[PDB]
Amino acid sequence: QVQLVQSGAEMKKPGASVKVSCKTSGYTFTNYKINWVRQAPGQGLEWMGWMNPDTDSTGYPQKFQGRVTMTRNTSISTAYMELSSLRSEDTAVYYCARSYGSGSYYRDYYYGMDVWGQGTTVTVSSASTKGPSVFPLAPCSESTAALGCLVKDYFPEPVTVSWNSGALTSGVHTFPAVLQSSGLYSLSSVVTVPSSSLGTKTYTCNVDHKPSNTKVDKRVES
Amino acid sequence: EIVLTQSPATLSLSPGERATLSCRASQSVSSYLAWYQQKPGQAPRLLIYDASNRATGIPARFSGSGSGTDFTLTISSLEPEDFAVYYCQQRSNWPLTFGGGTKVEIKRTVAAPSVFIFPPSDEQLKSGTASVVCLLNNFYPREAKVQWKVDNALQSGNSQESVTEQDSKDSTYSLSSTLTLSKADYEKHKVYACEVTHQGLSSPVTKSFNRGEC
Amino acid sequence: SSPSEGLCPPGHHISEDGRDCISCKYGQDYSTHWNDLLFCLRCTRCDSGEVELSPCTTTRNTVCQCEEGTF
Ligand SMILES: [Cl-]
């Protein structure tokens, strides 16, 4: 049971800093490097630097010097990454990952970034938390029809969308949110059904948005 | 910095088919190249370290080879769980860098989208904003073009779209596009049209409605 | 010693923060050019059918050649 357990999701304003923690267990903390790696939405992995928990030595890509600080607390086996002067562009999942080999052992005794934390989501925005407005998607009006809900203007991610309290799952598509220029997200969730069932069966989307404590049901009328 | 180029960016292959992924370094990194796998919403997972050494827990169908500048990740036969994004990573030069990734997706027969258009709700209209939604349902391949038209005027810069991950049952994609206008601008016009172009359609498909007659 | 425009001299490699240059170990590993390598490369040893023409130095890998039967 080698594990890396990271701190929870965070929201930050532009200009602030964020400190993510990475708690290790199941091995000697001091014997492996910790690496930090980030991934902005729909983007690739970007290495942020690394730390030798034994000597407290660090190194960061030039693009991140000043902004990134890697520290550790050995007595509790946890490493930290602090990122300052946050921008929109810093919105990402942040991962810690160990790797073996430092100093004179680095070339010959390295076995990859073998265990990773679960990741910490950091959203950088000046928006404040807001639950969605939920609007019906219906045609004025094929053998099959589409129905949906537009889940508009919310912050932050995520939103959960249910249909008929979970009873309906076939032909459901809940799309990735888009970030609008307002700074709020918007998503749609659709379902195709036998258009014969439109007279005799009701269709309700259940929209859960935990960060705002909002839970909304919308009956979609054809 | 060492630049790691993974080309092609997307590989379309069938389950039970061989996959060969390419990673090329801007200059020789000898054997100091690792391979990682990442599924959507999961942490990356180490596959191969130092070019050709399979990591613990990784099934024997994965193998890496190459040295210097040209490296290959081979998946001898694709399993459903192998469709994912793959990244190479060099460790010989300061600072460590990743490649831009290669997505391996499921090849299946061409499937044309089912297209639907939705008017803004009376509910939303009360608020002063109108959203018009165009749905492209269950298509393959992923490449599709949606173009908005308002009174036959081609739209630009006032819409956004997103695409689902490839469907686990039928391997298709779906796309949602949202045209946003102010209520004032919306009520200025009659015909709202969504035109879609896709390999599965011999001609583009247009779905539309007339405002207020809806 | 300090890197020059991000680079360390032949026969050296760069440190783990990109701030320092460290000498290769003579006869063990090498570095041929101004570099940002995190370690020196291990010297090649000749295989039995080959003679050593010049030894590995911190700036130059071993040069090996077949004996009287090239190549
Ligand atoms: Cl990188």
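Projecting label points 7 angstrom from Cα along Cα→Cβ for A:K215 and B:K169 puts them 2.7 nm apart.
Summing Cβ point charges (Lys, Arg +1; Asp, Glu -1) relative to the Cα centre of chain C gives a dipole of roughly 140 debye. Cβ screening of chain C for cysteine pairs under 4.7 Å finds these without a partner: C:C66. For the stretch A:55-102 versus the stretch A:150-177, the spacing of their alpha-carbon centroids is 34 Å.
Taking amide H positions as modeled 1.01 Å from N, with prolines and chain starts lacking one, the residues under 5 Å from C:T44 and 5 or more places away or on another chain are C:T62. Residues C:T44, B:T102 in ascending order of nearby Cβ atoms (within 10 Å, fewest first): C:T44, B:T102.
Sorting B:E17, B:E79 from the fewest to the most surrounding beta carbons within 10 angstrom yields B:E79, B:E17. So what's Rg/Rh here for the stretch B:1-156, counting alpha carbon atoms and using the Kirkwood radius for Rh? Answer for the stretch B:1-156: 1.16.
Please say if the stretch B:94-148 is rounded, prolate or oblate, where rounded means a/c under 1.5 for a ≥ b ≥ c the square roots of the C-alpha gyration tensor eigenvalues, and otherwise the choice is prolate for a/b larger than b/c and oblate otherwise? Note, shape of the stretch B:94-148 comes out oblate. Each principal axis of the stretch A:127-222 carries a Cα extent, and these read 43, 25, 19 Å when sorted largest first.
From largest to smallest, the equivalent ellipsoid semi-axes obtained for the stretch A:1-126 from the alpha-carbon gyration tensor read 24, 15, 13 Å. The shape of the stretch A:90-148 comes out oblate: with a ≥ b ≥ c from the C-alpha gyration tensor, a/c is at least 1.5 while a/b does not beat b/c. Modelled spin-label separation between B:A60 and B:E187, with each label point placed 7 Å from Cα along the Cα-to-Cβ direction: 7.2 nm. Computed over the alpha-carbon atoms, chain A gives an Rg to Rh ratio of 1.12, Rh here being the Kirkwood radius from the mean inverse distance.
With distances taken between every two different alpha-carbon atoms, the stretch B:109-214 has a Kirkwood hydrodynamic radius of 14.3 Å. Computed 3J(HN,Hα) for the stretch B:89-98, one whole-Hz value per residue from the Karplus formula 6.51 cos²θ - 1.76 cosθ + 1.60 where θ = phi - 60°, is 8, 9, 10, 6, 10, 7, x, 4, 9, 9, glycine and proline marked x. Counting only the Cα atoms, chain C fills a convex hull of 74 Å³ per residue.
For the protein assembly as shown, the orientation-averaged shadow of the C-alpha convex hull comes to 29.6 nm² (one quarter of the hull surface). Rounded to whole numbers, the Karplus 3J(HN,Hα) couplings from phi for the stretch B:108-125 are 9, 4, 3, 10, 5, x, 8, 9, 9, 10, 10, x, x, 7, 4, 3, 5, 4 Hz, using 6.51 cos²θ - 1.76 cosθ + 1.60 with θ = phi - 60°, and x at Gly and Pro.
The numbers here are math on the coordinates, done by the rules we state, and not lab data. Note that we place each Cβ from the backbone using ideal geometry, even for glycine, and neighbour counts take in every protein chain shown.
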